[PDB]
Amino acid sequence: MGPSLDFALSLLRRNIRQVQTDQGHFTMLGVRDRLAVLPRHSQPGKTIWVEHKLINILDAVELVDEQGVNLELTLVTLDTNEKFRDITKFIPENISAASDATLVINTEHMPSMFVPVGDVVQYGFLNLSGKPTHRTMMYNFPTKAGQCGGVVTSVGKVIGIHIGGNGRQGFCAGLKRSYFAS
């Protein structure tokens, strides 16, 4: 097996989980310890369904930037025995463009799904169904409903979380390592 296929499959196995909230089916990225990230639209409650059981959420933080603008990411600390393999070394320090990225979706409806989205560019401001959002990136690929939370990855780097599309293009919230600092 090649290096990029091995990396994506290991990310799926060790870090990318099928979840359900009251808003429906989403992909969740576990980053380290009991810390995971969700797309804000998932609106996690006091418990979240993770793969095969209900998990209590100890803390949730909806991230905003220094202006108070939505970044469309929710950090959650889970009450679970699982400790996530620490992938913070694979998250860039600054929001980074990439060539020939893959979007990895994992929900009950779209399990272990690989989508060849192509180049990912800096985008910035996005109006997400009436909610203004900063620090987004863009791919010229017609993504569809049900892929929110999907993980954007390129050459061993974990660079974004899918947050929506316009029928011709898809958009992610950019990841940076400091979001996950202790």
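One rule holds for the numbers: they count along the sequence shown, beginning at 1.
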With B-factors read from the PDB entry, the higher C-alpha mean of 121-129 and 138-146 is in 121-129
The stretch whose C-alpha atoms carry the larger average B-factor in the entry, 65-73 or 25-33, is 65-73
The residue of 102, 107, 88, 99 with the maximal C-alpha B-factor according to the PDB record is 99
Assert third(CA B-factor, residue 160) within chain per record equals lowest
Split the chain's modelled residues into thirds by Cα B-factor; residue 166 lands in the highest
Assert third(CA B-factor, residue 38) within chain per record equals lowest
By the entry's values, the third containing the CA B factor of residue 152 is the lowest
